[PDB]
Number of protein chains: 2
Amino acid sequence: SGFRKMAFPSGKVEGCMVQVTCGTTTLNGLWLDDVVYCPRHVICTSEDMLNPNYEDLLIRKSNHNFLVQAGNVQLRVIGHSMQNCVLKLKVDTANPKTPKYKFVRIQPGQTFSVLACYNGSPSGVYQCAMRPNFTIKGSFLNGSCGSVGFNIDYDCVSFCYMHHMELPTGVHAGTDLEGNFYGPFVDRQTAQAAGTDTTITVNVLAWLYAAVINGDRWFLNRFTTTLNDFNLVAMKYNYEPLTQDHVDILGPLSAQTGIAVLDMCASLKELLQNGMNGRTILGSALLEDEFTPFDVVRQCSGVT
Amino acid sequence: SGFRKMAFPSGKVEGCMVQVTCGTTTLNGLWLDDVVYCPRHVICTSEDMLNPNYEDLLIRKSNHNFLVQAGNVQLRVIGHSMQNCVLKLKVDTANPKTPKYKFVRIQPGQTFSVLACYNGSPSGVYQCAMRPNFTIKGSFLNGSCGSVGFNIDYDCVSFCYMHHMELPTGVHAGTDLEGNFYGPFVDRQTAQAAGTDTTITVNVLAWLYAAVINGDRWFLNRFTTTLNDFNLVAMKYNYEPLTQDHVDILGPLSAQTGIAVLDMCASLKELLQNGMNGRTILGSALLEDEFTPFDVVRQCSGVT
Ligand SMILES: O=C(Nc1cccnc1)Nc1cccc(Cl)c1
Ligand SMILES: O=C(Nc1cccnc1)Nc1cccc(Cl)c1
């Protein structure tokens, strides 16, 4: 029992972190096989960041200008290429620590672990959700760029995120490992509108099932609701509309607890309309949305 | 910017996890050098757990009865010994993945990362605080015993905790790596009183400084207080009494923000007496106490 915001074990990802330097900028790279991936803004200077012409900035750079260091060993760069907002540096040595890996583009509302790094060295690991508006509320400082987000299925690391920037609002933006930004963001030092965010309804419901499994049941009530009635409440409280797909994904949790999904929706409806009344659920005084139904089943079953 | 409940990178600890089986019980062991450490209750059966005579149960066991598996390789056990509530299994092979390590007994209120494991395999990593009452509010299932808590200072892993049991209340109890329980707990299937817990005042204050550094300043006020006046409020709200040692430890955070420690104490006093008024601080609707001043400085400075 007990429920924590649990990150994946970061060992397989720590073995992939390197330092990338170009000119006066140093950030993190991910070394998989004979390729080092890093944000393309490593090639910029303070004069460039307002509206960099990346194609032009990269033309002034040669293989020898990209200094890649993995701990104490220097990697030899034999090729460089820009793919969207990421640079791919071909190196002459395949990473002996390369795990089984995939590059995936996660969907908004899905979760992942972030291994925050500075100068190619890991500082910490935390669990994140990709917000419905494609931002992440992380913990990153200048130098953390190139830190990656990932999920692990037994021995395969699915990399889903690479950190690129902090918006003027303090929220974070980045790309998939093909350099495609999540959201409307561009890698420029400019004010950029993050769209209206909503709460990930299916995750809140999954976390309410996690609460029930772990003994916190005060919020359960004698009511039920329909998808339509619930969705009017979700609309009013800036919650993502619930669909039958979401109900279907909550099936295992519904089967384990014996509480029908629409009955849990009626609990959530009462928590939205009345608040917590100074009470807590799994140590929280607000409705948590950064656990998916998959995360709940995995944590409550002990998947390694 | 941003503030997360950040765990240490778990790679150095994942390389130490093994599976320990004795009879019909399987749990986790920590393999450091040529020694495997695990909870001594691995030698019990369901008939024994109410009041095991560990000395007697261990006498019926030989080196060949302790099956230690590190992934796919079996380790050869050449010695066994009980030290307090831990078994030390001498193996003929030193762990090639042994990092620089220390065994430390942490103080209540200090934090650490837990690498939850099942059958010698890591499932996840999370940050914990040792409660003032020597319990930990973790996430552990049956089979998680032997999972360890640790801190990392550059390349040295200070192991501080090994998981032994879940109390009937759902909170967790365990030992240091010499087998000494934290708190009054004994490794028996019996109801055991956890003492009255309090909130870790110095940590809440450290987290209020983390909030200020990251832009959340609404709670700051025009008031100040004394250690004595604050301690009367702390007494009323079951907060640990604040001492000059705690104020001294908050010195760096006080210097960085320019907010005197007693001024931050007056903010905390108003939050205790008036609550949050439906507002949040660093994404939380309650006062967080699982970040030490050291954790705040480290996260806000980027120590790797
Ligand atoms: O945000 C940037 N760095 C940073 C700082 C703090 C936290 N995370 C990241 N650098 C940057 C500046 C302007 C545009 C771009 Cl793409 C990158
Ligand atoms: O608690 C025990 N296991 C467990 C289950 C769930 C979460 N954490 C641990 N086993 C045990 C039973 C009785 C006394 C002792 Cl020391 C150990």
# chains A, B, ... in the order shown; residues from 1 in each chain; ligands from 1
>>> residues_near_ligand(ligand="ligand 1", cutoff="7 Å", atoms="only C-alpha atoms and all ligand atoms", output="compact mmCIF listing (two decimals) with N, CA and C atoms, in the first residue's frame")
# COMPACT_ATOMS: atom_id res chain seq x y z
N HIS A 41 19.67 24.51 -30.50
CA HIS A 41 20.07 25.82 -30.01
C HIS A 41 21.45 25.79 -29.34
N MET A 49 19.71 34.14 -30.26
CA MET A 49 18.49 33.56 -29.70
C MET A 49 17.17 34.28 -29.94
N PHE A 140 13.75 22.63 -14.23
CA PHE A 140 14.87 22.75 -15.15
C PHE A 140 15.55 24.08 -14.95
N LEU A 141 16.87 24.11 -14.99
CA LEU A 141 17.62 25.35 -14.90
C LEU A 141 18.36 25.54 -16.23
N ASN A 142 19.02 26.70 -16.42
CA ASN A 142 19.84 26.91 -17.61
C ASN A 142 20.99 25.88 -17.58
N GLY A 143 21.12 25.13 -18.66
CA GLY A 143 22.08 24.03 -18.73
C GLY A 143 21.41 22.67 -18.77
N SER A 144 20.12 22.60 -18.35
CA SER A 144 19.31 21.38 -18.36
C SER A 144 18.84 20.99 -19.75
N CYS A 145 18.94 21.89 -20.75
CA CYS A 145 18.52 21.57 -22.13
C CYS A 145 19.21 20.31 -22.63
N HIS A 164 13.91 21.73 -24.31
CA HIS A 164 14.47 22.81 -25.09
C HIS A 164 14.41 24.14 -24.41
N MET A 165 13.29 24.48 -23.76
CA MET A 165 13.18 25.82 -23.23
C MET A 165 12.16 26.06 -22.15
N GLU A 166 12.39 27.14 -21.42
CA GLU A 166 11.48 27.61 -20.43
C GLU A 166 10.81 28.81 -21.02
N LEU A 167 9.49 28.79 -21.05
CA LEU A 167 8.71 29.91 -21.56
C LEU A 167 8.76 31.05 -20.52
N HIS A 172 7.59 24.59 -19.22
CA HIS A 172 8.61 24.04 -20.08
C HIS A 172 8.11 23.48 -21.42
N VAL A 186 8.30 27.33 -30.77
CA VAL A 186 9.45 27.48 -31.64
C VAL A 186 10.67 27.78 -30.76
N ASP A 187 11.83 27.27 -31.14
CA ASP A 187 13.05 27.49 -30.37
C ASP A 187 13.68 28.88 -30.63
N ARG A 188 13.01 29.91 -30.09
CA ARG A 188 13.38 31.34 -30.16
C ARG A 188 13.12 31.98 -28.80
N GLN A 189 13.93 32.97 -28.42
CA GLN A 189 13.74 33.72 -27.17
C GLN A 189 12.68 34.78 -27.44
N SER B 1 13.68 27.23 -13.57
CA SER B 1 12.57 27.34 -12.64
C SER B 1 11.69 26.07 -12.63
>>> select_by_dssp(residues="range 151-280 of chain A", states="strand (DSSP E)", output="PyMOL selection string")
chain A and resi 151-153+156-166+172-175
>>> write_last_selection(atoms="N, CA and C atoms", output="short mmCIF file (atom, residue, chain, number, x, y, z; two decimals), in the first residue's frame")
data_model
loop_
_atom_site.label_atom_id
_atom_site.label_comp_id
_atom_site.auth_asym_id
_atom_site.auth_seq_id
_atom_site.Cartn_x
_atom_site.Cartn_y
_atom_site.Cartn_z
N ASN A 151 9.79 6.53 -20.99
CA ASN A 151 9.05 5.48 -20.32
C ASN A 151 9.85 4.18 -20.53
N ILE A 152 9.67 3.19 -19.67
CA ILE A 152 10.36 1.91 -19.82
C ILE A 152 9.38 0.75 -19.77
N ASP A 153 9.41 -0.15 -20.77
CA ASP A 153 8.58 -1.35 -20.78
C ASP A 153 9.59 -2.52 -20.71
N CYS A 156 13.05 -2.01 -22.61
CA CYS A 156 13.02 -1.04 -23.69
C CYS A 156 12.64 0.37 -23.21
N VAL A 157 13.54 1.33 -23.45
CA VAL A 157 13.35 2.73 -23.11
C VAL A 157 12.71 3.44 -24.28
N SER A 158 11.51 3.96 -24.10
CA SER A 158 10.85 4.73 -25.14
C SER A 158 11.10 6.15 -24.78
N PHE A 159 11.95 6.81 -25.56
CA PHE A 159 12.25 8.21 -25.34
C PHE A 159 11.12 9.00 -25.96
N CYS A 160 10.58 9.96 -25.22
CA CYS A 160 9.48 10.75 -25.74
C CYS A 160 9.69 12.22 -25.74
N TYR A 161 10.65 12.74 -24.96
CA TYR A 161 10.77 14.18 -24.82
C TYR A 161 12.21 14.61 -24.70
N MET A 162 12.57 15.76 -25.25
CA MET A 162 13.89 16.35 -25.03
C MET A 162 13.62 17.80 -24.62
N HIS A 163 14.27 18.29 -23.55
CA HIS A 163 14.02 19.65 -23.07
C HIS A 163 14.69 20.70 -23.89
N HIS A 164 13.91 21.73 -24.31
CA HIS A 164 14.47 22.81 -25.09
C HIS A 164 14.41 24.14 -24.41
N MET A 165 13.29 24.48 -23.76
CA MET A 165 13.18 25.82 -23.23
C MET A 165 12.16 26.06 -22.15
N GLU A 166 12.39 27.14 -21.42
CA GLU A 166 11.48 27.61 -20.43
C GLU A 166 10.81 28.81 -21.02
N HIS A 172 7.59 24.59 -19.22
CA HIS A 172 8.61 24.04 -20.08
C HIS A 172 8.11 23.48 -21.42
N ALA A 173 8.96 23.59 -22.41
CA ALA A 173 8.64 23.22 -23.77
C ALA A 173 9.79 22.45 -24.36
N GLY A 174 9.45 21.49 -25.20
CA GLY A 174 10.46 20.65 -25.82
C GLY A 174 9.92 19.84 -26.96
N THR A 175 10.78 18.97 -27.48
CA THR A 175 10.43 18.21 -28.67
C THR A 175 10.37 16.68 -28.45
#
>>> closest_atom_pairs(of="chain A", to="ligand 2", cutoff="12 Å", atoms="only C-alpha atoms and all ligand atoms", output="tab-separated table")
residue	atom	partner	partner_atom_place_in_ligand_line	distance
A:1	CA	ligand 2	7 (C)	5.9
A:2	CA	ligand 2	7 (C)	8.4
A:3	CA	ligand 2	7 (C)	11.4
A:214	CA	ligand 2	6 (C)	11.5
A:300	CA	ligand 2	6 (C)	10.8
A:301	CA	ligand 2	6 (C)	11.4
A:302	CA	ligand 2	6 (C)	10.8
>>> write_last_selection(atoms="N, CA, C and O atoms", output="mmCIF file, in the first residue's frame")
data_model
loop_
_atom_site.group_PDB
_atom_site.id
_atom_site.type_symbol
_atom_site.label_atom_id
_atom_site.label_comp_id
_atom_site.auth_asym_id
_atom_site.auth_seq_id
_atom_site.Cartn_x
_atom_site.Cartn_y
_atom_site.Cartn_z
ATOM 1 N N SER A 1 0.804 -1.201 0.000
ATOM 2 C CA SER A 1 0.000 0.000 0.000
ATOM 3 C C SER A 1 0.858 1.281 0.000
ATOM 4 O O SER A 1 2.084 1.236 0.139
ATOM 5 N N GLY A 2 0.185 2.404 -0.198
ATOM 6 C CA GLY A 2 0.802 3.708 -0.317
ATOM 7 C C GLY A 2 0.854 4.085 -1.784
ATOM 8 O O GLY A 2 0.955 3.209 -2.654
ATOM 9 N N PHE A 3 0.788 5.385 -2.077
ATOM 10 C CA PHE A 3 0.813 5.855 -3.461
ATOM 11 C C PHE A 3 1.712 7.049 -3.618
ATOM 12 O O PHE A 3 1.510 8.081 -2.972
ATOM 13 N N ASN A 214 -6.052 2.126 -1.874
ATOM 14 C CA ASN A 214 -5.172 2.370 -0.742
ATOM 15 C C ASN A 214 -5.857 2.848 0.537
ATOM 16 O O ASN A 214 -5.171 3.322 1.434
ATOM 17 N N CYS A 300 0.135 -0.259 -8.357
ATOM 18 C CA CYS A 300 -0.650 -1.109 -7.464
ATOM 19 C C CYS A 300 -0.413 -2.618 -7.684
ATOM 20 O O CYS A 300 -0.781 -3.413 -6.824
ATOM 21 N N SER A 301 0.202 -3.020 -8.809
ATOM 22 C CA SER A 301 0.461 -4.444 -9.083
ATOM 23 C C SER A 301 1.941 -4.847 -8.930
ATOM 24 O O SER A 301 2.237 -6.023 -8.704
ATOM 25 N N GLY A 302 2.845 -3.874 -9.058
ATOM 26 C CA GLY A 302 4.275 -4.076 -8.864
ATOM 27 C C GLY A 302 5.075 -4.455 -10.091
ATOM 28 O O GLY A 302 6.033 -5.228 -9.975
#
>>> residues_around(residues="residue 150 in chain A", least_positions_apart="5", cutoff="12 Å", atoms="only C-alpha atoms", output="short mmCIF file (atom, residue, chain, number, x, y, z; two decimals) with C-alpha atoms, in the first residue's frame")
data_model
loop_
_atom_site.label_atom_id
_atom_site.label_comp_id
_atom_site.auth_asym_id
_atom_site.auth_seq_id
_atom_site.Cartn_x
_atom_site.Cartn_y
_atom_site.Cartn_z
CA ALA A 7 9.51 7.81 -11.69
CA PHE A 8 11.02 4.96 -13.74
CA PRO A 9 14.49 3.71 -12.66
CA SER A 10 16.82 6.04 -14.59
CA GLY A 11 19.90 3.79 -14.94
CA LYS A 12 19.44 2.90 -18.61
CA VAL A 13 19.06 6.63 -19.45
CA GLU A 14 22.03 7.80 -17.24
CA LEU A 30 21.65 11.63 -25.60
CA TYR A 101 15.12 1.86 -27.21
CA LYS A 102 12.38 3.49 -29.25
CA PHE A 103 11.58 7.08 -30.18
CA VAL A 104 7.94 7.80 -29.49
CA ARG A 105 5.73 10.84 -29.68
CA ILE A 106 3.52 10.75 -26.60
CA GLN A 110 0.31 10.74 -20.95
CA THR A 111 3.06 10.65 -18.31
CA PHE A 112 6.84 10.12 -18.39
CA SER A 113 9.97 10.35 -16.26
CA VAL A 114 12.48 13.14 -16.75
CA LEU A 115 16.16 12.72 -15.96
CA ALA A 116 17.32 16.29 -15.28
CA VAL A 125 14.58 12.09 -11.74
CA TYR A 126 10.90 13.00 -11.54
CA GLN A 127 7.56 11.97 -13.02
CA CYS A 128 5.79 14.49 -15.39
CA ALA A 129 2.63 14.63 -17.45
CA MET A 130 2.52 16.18 -20.89
CA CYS A 156 13.02 -1.04 -23.69
CA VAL A 157 13.35 2.73 -23.11
CA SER A 158 10.85 4.73 -25.14
CA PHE A 159 12.25 8.21 -25.34
CA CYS A 160 9.48 10.75 -25.74
CA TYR A 161 10.77 14.18 -24.82
CA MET A 162 13.89 16.35 -25.03
CA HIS A 163 14.02 19.65 -23.07
CA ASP A 176 10.09 14.50 -29.48
CA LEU A 177 13.50 12.85 -30.43
#
>>> closest_residue(among="B:180, B:45, B:133, B:65", to="residue 198 in chain B", atoms="only C-alpha atoms")
B:133
>>> residues_around(residues="range 269-273 of chain A", least_positions_apart="4", cutoff="12 Å", atoms="only C-alpha atoms", output="PDB file with N, CA, C and O atoms, in the first residue's frame")
ATOM      1  N   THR A 199      -7.552  20.095 -16.981  1.00  0.00           N
ATOM      2  CA  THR A 199      -7.139  18.990 -16.119  1.00  0.00           C
ATOM      3  C   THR A 199      -7.437  17.676 -16.834  1.00  0.00           C
ATOM      4  O   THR A 199      -8.481  17.561 -17.495  1.00  0.00           O
ATOM      5  N   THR A 201      -8.910  14.622 -16.959  1.00  0.00           N
ATOM      6  CA  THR A 201     -10.009  13.929 -16.301  1.00  0.00           C
ATOM      7  C   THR A 201      -9.772  12.443 -16.079  1.00  0.00           C
ATOM      8  O   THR A 201      -9.989  11.950 -14.957  1.00  0.00           O
ATOM      9  N   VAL A 204      -7.367  11.947 -13.262  1.00  0.00           N
ATOM     10  CA  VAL A 204      -7.943  12.221 -11.930  1.00  0.00           C
ATOM     11  C   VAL A 204      -8.784  11.012 -11.451  1.00  0.00           C
ATOM     12  O   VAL A 204      -8.677  10.594 -10.299  1.00  0.00           O
ATOM     13  N   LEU A 205      -9.582  10.445 -12.360  1.00  0.00           N
ATOM     14  CA  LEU A 205     -10.403   9.283 -12.070  1.00  0.00           C
ATOM     15  C   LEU A 205      -9.530   8.090 -11.746  1.00  0.00           C
ATOM     16  O   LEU A 205      -9.827   7.371 -10.797  1.00  0.00           O
ATOM     17  N   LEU A 208      -8.335   8.557  -8.297  1.00  0.00           N
ATOM     18  CA  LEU A 208      -9.422   8.307  -7.337  1.00  0.00           C
ATOM     19  C   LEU A 208      -9.560   6.790  -7.097  1.00  0.00           C
ATOM     20  O   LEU A 208      -9.797   6.375  -5.967  1.00  0.00           O
ATOM     21  N   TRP A 218     -13.306   8.249   1.779  1.00  0.00           N
ATOM     22  CA  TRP A 218     -14.280   9.255   2.245  1.00  0.00           C
ATOM     23  C   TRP A 218     -15.093   9.928   1.120  1.00  0.00           C
ATOM     24  O   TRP A 218     -16.271  10.217   1.314  1.00  0.00           O
ATOM     25  N   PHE A 219     -14.467  10.167  -0.043  1.00  0.00           N
ATOM     26  CA  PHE A 219     -15.095  10.861  -1.176  1.00  0.00           C
ATOM     27  C   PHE A 219     -16.165  10.055  -1.923  1.00  0.00           C
ATOM     28  O   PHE A 219     -16.844  10.618  -2.777  1.00  0.00           O
ATOM     29  N   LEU A 220     -16.242   8.738  -1.689  1.00  0.00           N
ATOM     30  CA  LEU A 220     -17.238   7.912  -2.363  1.00  0.00           C
ATOM     31  C   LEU A 220     -18.617   8.287  -1.846  1.00  0.00           C
ATOM     32  O   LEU A 220     -18.771   8.596  -0.659  1.00  0.00           O
ATOM     33  N   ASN A 221     -19.606   8.338  -2.742  1.00  0.00           N
ATOM     34  CA  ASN A 221     -20.940   8.754  -2.345  1.00  0.00           C
ATOM     35  C   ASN A 221     -22.030   7.797  -2.839  1.00  0.00           C
ATOM     36  O   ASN A 221     -21.724   6.794  -3.485  1.00  0.00           O
ATOM     37  N   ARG A 222     -23.297   8.114  -2.539  1.00  0.00           N
ATOM     38  CA  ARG A 222     -24.448   7.306  -2.946  1.00  0.00           C
ATOM     39  C   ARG A 222     -24.981   7.708  -4.328  1.00  0.00           C
ATOM     40  O   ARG A 222     -26.102   7.340  -4.661  1.00  0.00           O
ATOM     41  N   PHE A 223     -24.221   8.490  -5.111  1.00  0.00           N
ATOM     42  CA  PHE A 223     -24.716   8.999  -6.372  1.00  0.00           C
ATOM     43  C   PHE A 223     -24.077   8.358  -7.589  1.00  0.00           C
ATOM     44  O   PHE A 223     -23.049   7.677  -7.509  1.00  0.00           O
ATOM     45  N   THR A 224     -24.705   8.583  -8.716  1.00  0.00           N
ATOM     46  CA  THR A 224     -24.173   8.221 -10.002  1.00  0.00           C
ATOM     47  C   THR A 224     -24.400   9.412 -10.946  1.00  0.00           C
ATOM     48  O   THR A 224     -24.934  10.449 -10.536  1.00  0.00           O
ATOM     49  N   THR A 225     -23.915   9.321 -12.174  1.00  0.00           N
ATOM     50  CA  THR A 225     -24.097  10.371 -13.166  1.00  0.00           C
ATOM     51  C   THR A 225     -24.048   9.738 -14.568  1.00  0.00           C
ATOM     52  O   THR A 225     -23.877   8.532 -14.691  1.00  0.00           O
ATOM     53  N   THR A 226     -24.257  10.534 -15.617  1.00  0.00           N
ATOM     54  CA  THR A 226     -24.120  10.071 -16.984  1.00  0.00           C
ATOM     55  C   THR A 226     -22.869  10.745 -17.560  1.00  0.00           C
ATOM     56  O   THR A 226     -22.406  11.746 -17.004  1.00  0.00           O
ATOM     57  N   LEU A 227     -22.362  10.276 -18.719  1.00  0.00           N
ATOM     58  CA  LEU A 227     -21.235  10.941 -19.385  1.00  0.00           C
ATOM     59  C   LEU A 227     -21.609  12.386 -19.715  1.00  0.00           C
ATOM     60  O   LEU A 227     -20.793  13.271 -19.542  1.00  0.00           O
ATOM     61  N   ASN A 228     -22.869  12.620 -20.147  1.00  0.00           N
ATOM     62  CA  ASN A 228     -23.349  13.962 -20.487  1.00  0.00           C
ATOM     63  C   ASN A 228     -23.423  14.877 -19.271  1.00  0.00           C
ATOM     64  O   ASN A 228     -22.923  15.989 -19.341  1.00  0.00           O
ATOM     65  N   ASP A 229     -24.002  14.422 -18.165  1.00  0.00           N
ATOM     66  CA  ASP A 229     -24.099  15.252 -16.972  1.00  0.00           C
ATOM     67  C   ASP A 229     -22.711  15.543 -16.426  1.00  0.00           C
ATOM     68  O   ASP A 229     -22.363  16.710 -16.236  1.00  0.00           O
ATOM     69  N   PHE A 230     -21.860  14.504 -16.329  1.00  0.00           N
ATOM     70  CA  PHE A 230     -20.485  14.701 -15.884  1.00  0.00           C
ATOM     71  C   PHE A 230     -19.751  15.721 -16.781  1.00  0.00           C
ATOM     72  O   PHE A 230     -19.164  16.669 -16.264  1.00  0.00           O
ATOM     73  N   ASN A 231     -19.861  15.578 -18.093  1.00  0.00           N
ATOM     74  CA  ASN A 231     -19.194  16.489 -19.026  1.00  0.00           C
ATOM     75  C   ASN A 231     -19.620  17.946 -18.918  1.00  0.00           C
ATOM     76  O   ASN A 231     -18.811  18.807 -19.240  1.00  0.00           O
ATOM     77  N   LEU A 232     -20.834  18.228 -18.423  1.00  0.00           N
ATOM     78  CA  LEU A 232     -21.247  19.613 -18.196  1.00  0.00           C
ATOM     79  C   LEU A 232     -20.437  20.184 -17.008  1.00  0.00           C
ATOM     80  O   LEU A 232     -20.108  21.367 -17.011  1.00  0.00           O
ATOM     81  N   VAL A 233     -20.188  19.358 -15.964  1.00  0.00           N
ATOM     82  CA  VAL A 233     -19.416  19.737 -14.780  1.00  0.00           C
ATOM     83  C   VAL A 233     -17.954  19.896 -15.205  1.00  0.00           C
ATOM     84  O   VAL A 233     -17.347  20.930 -14.934  1.00  0.00           O
ATOM     85  N   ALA A 234     -17.425  18.933 -15.978  1.00  0.00           N
ATOM     86  CA  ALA A 234     -16.063  18.976 -16.513  1.00  0.00           C
ATOM     87  C   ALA A 234     -15.850  20.253 -17.331  1.00  0.00           C
ATOM     88  O   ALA A 234     -14.868  20.953 -17.120  1.00  0.00           O
ATOM     89  N   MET A 235     -16.837  20.626 -18.159  1.00  0.00           N
ATOM     90  CA  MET A 235     -16.787  21.863 -18.951  1.00  0.00           C
ATOM     91  C   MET A 235     -16.628  23.083 -18.038  1.00  0.00           C
ATOM     92  O   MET A 235     -15.714  23.878 -18.244  1.00  0.00           O
ATOM     93  N   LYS A 236     -17.464  23.175 -16.986  1.00  0.00           N
ATOM     94  CA  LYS A 236     -17.466  24.284 -16.032  1.00  0.00           C
ATOM     95  C   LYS A 236     -16.162  24.404 -15.236  1.00  0.00           C
ATOM     96  O   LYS A 236     -15.731  25.508 -14.944  1.00  0.00           O
ATOM     97  N   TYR A 237     -15.510  23.284 -14.927  1.00  0.00           N
ATOM     98  CA  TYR A 237     -14.285  23.295 -14.134  1.00  0.00           C
ATOM     99  C   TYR A 237     -12.993  23.109 -14.934  1.00  0.00           C
ATOM    100  O   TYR A 237     -11.943  22.839 -14.337  1.00  0.00           O
ATOM    101  N   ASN A 238     -13.053  23.294 -16.257  1.00  0.00           N
ATOM    102  CA  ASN A 238     -11.901  23.168 -17.157  1.00  0.00           C
ATOM    103  C   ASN A 238     -11.210  21.816 -17.035  1.00  0.00           C
ATOM    104  O   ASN A 238     -10.003  21.718 -16.818  1.00  0.00           O
ATOM    105  N   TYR A 239     -12.009  20.783 -17.150  1.00  0.00           N
ATOM    106  CA  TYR A 239     -11.610  19.399 -17.146  1.00  0.00           C
ATOM    107  C   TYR A 239     -11.791  18.891 -18.561  1.00  0.00           C
ATOM    108  O   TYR A 239     -12.738  19.307 -19.248  1.00  0.00           O
ATOM    109  N   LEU A 262     -18.937   5.441 -13.975  1.00  0.00           N
ATOM    110  CA  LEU A 262     -19.861   6.567 -13.801  1.00  0.00           C
ATOM    111  C   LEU A 262     -20.134   6.886 -12.333  1.00  0.00           C
ATOM    112  O   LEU A 262     -20.398   8.047 -12.008  1.00  0.00           O
ATOM    113  N   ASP A 263     -20.010   5.890 -11.440  1.00  0.00           N
ATOM    114  CA  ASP A 263     -20.149   6.131 -10.006  1.00  0.00           C
ATOM    115  C   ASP A 263     -18.944   6.935  -9.526  1.00  0.00           C
ATOM    116  O   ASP A 263     -19.112   7.853  -8.729  1.00  0.00           O
ATOM    117  N   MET A 264     -17.730   6.611 -10.017  1.00  0.00           N
ATOM    118  CA  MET A 264     -16.525   7.371  -9.656  1.00  0.00           C
ATOM    119  C   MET A 264     -16.615   8.797 -10.236  1.00  0.00           C
ATOM    120  O   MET A 264     -16.192   9.744  -9.589  1.00  0.00           O
ATOM    121  N   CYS A 265     -17.197   8.953 -11.420  1.00  0.00           N
ATOM    122  CA  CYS A 265     -17.437  10.262 -12.034  1.00  0.00           C
ATOM    123  C   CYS A 265     -18.342  11.131 -11.131  1.00  0.00           C
ATOM    124  O   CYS A 265     -18.122  12.336 -11.018  1.00  0.00           O
ATOM    125  N   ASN A 277     -13.242  20.209   1.529  1.00  0.00           N
ATOM    126  CA  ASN A 277     -13.694  20.484   2.897  1.00  0.00           C
ATOM    127  C   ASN A 277     -12.550  20.244   3.899  1.00  0.00           C
ATOM    128  O   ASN A 277     -12.753  19.587   4.921  1.00  0.00           O
ATOM    129  N   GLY A 278     -11.350  20.690   3.534  1.00  0.00           N
ATOM    130  CA  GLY A 278     -10.157  20.568   4.363  1.00  0.00           C
ATOM    131  C   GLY A 278      -9.597  19.168   4.521  1.00  0.00           C
ATOM    132  O   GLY A 278      -8.749  18.932   5.382  1.00  0.00           O
ATOM    133  N   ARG A 279     -10.065  18.227   3.713  1.00  0.00           N
ATOM    134  CA  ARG A 279      -9.586  16.847   3.766  1.00  0.00           C
ATOM    135  C   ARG A 279      -8.524  16.578   2.689  1.00  0.00           C
ATOM    136  O   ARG A 279      -8.232  17.445   1.859  1.00  0.00           O
ATOM    137  N   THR A 280      -7.895  15.396   2.743  1.00  0.00           N
ATOM    138  CA  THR A 280      -6.892  15.034   1.754  1.00  0.00           C
ATOM    139  C   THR A 280      -7.199  13.677   1.121  1.00  0.00           C
ATOM    140  O   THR A 280      -7.945  12.862   1.683  1.00  0.00           O
ATOM    141  N   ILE A 281      -6.607  13.437  -0.048  1.00  0.00           N
ATOM    142  CA  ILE A 281      -6.729  12.184  -0.772  1.00  0.00           C
ATOM    143  C   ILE A 281      -5.328  11.790  -1.201  1.00  0.00           C
ATOM    144  O   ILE A 281      -4.706  12.521  -1.973  1.00  0.00           O
ATOM    145  N   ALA A 285      -4.208  17.783  -1.118  1.00  0.00           N
ATOM    146  CA  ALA A 285      -5.386  18.618  -0.891  1.00  0.00           C
ATOM    147  C   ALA A 285      -6.006  19.153  -2.213  1.00  0.00           C
ATOM    148  O   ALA A 285      -6.956  19.933  -2.193  1.00  0.00           O
ATOM    149  N   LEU A 286      -5.506  18.686  -3.364  1.00  0.00           N
ATOM    150  CA  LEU A 286      -6.097  18.991  -4.651  1.00  0.00           C
ATOM    151  C   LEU A 286      -6.278  17.698  -5.487  1.00  0.00           C
ATOM    152  O   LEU A 286      -5.815  16.632  -5.080  1.00  0.00           O
ATOM    153  N   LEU A 287      -7.000  17.779  -6.603  1.00  0.00           N
ATOM    154  CA  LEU A 287      -7.242  16.608  -7.439  1.00  0.00           C
ATOM    155  C   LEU A 287      -6.048  16.369  -8.357  1.00  0.00           C
ATOM    156  O   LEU A 287      -5.739  17.196  -9.197  1.00  0.00           O
TER     157      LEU A 287
END
>>> atom_distance(atom1="CA of residue 179 in chain B", atom2="CA of residue 84 in chain B")
4.7 Å
>>> residues_around(residues="residue 16 in chain A", least_positions_apart="6", cutoff="7 Å", atoms="only C-alpha atoms", output="PyMOL selection string")
chain A and resi 30-32+97-98
>>> closest_residue(among="B:86, B:4, B:254, B:15", to="residue 282 in chain B", atoms="only C-alpha atoms")
B:4
>>> residues_around(residues="residue 73 in chain A", least_positions_apart="5", cutoff="12 Å", atoms="only C-alpha atoms", output="mmCIF file with C-alpha atoms, in the first residue's frame")
data_model
loop_
_atom_site.group_PDB
_atom_site.id
_atom_site.type_symbol
_atom_site.label_atom_id
_atom_site.label_comp_id
_atom_site.auth_asym_id
_atom_site.auth_seq_id
_atom_site.Cartn_x
_atom_site.Cartn_y
_atom_site.Cartn_z
ATOM 1 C CA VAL A 18 26.761 13.122 -22.621
ATOM 2 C CA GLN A 19 27.842 16.799 -22.609
ATOM 3 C CA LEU A 67 32.713 18.770 -28.463
ATOM 4 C CA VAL A 68 31.017 15.651 -27.093
ATOM 5 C CA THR A 93 31.937 4.778 -31.393
ATOM 6 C CA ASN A 95 27.550 3.695 -26.962
ATOM 7 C CA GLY A 120 26.018 15.674 -19.178
#
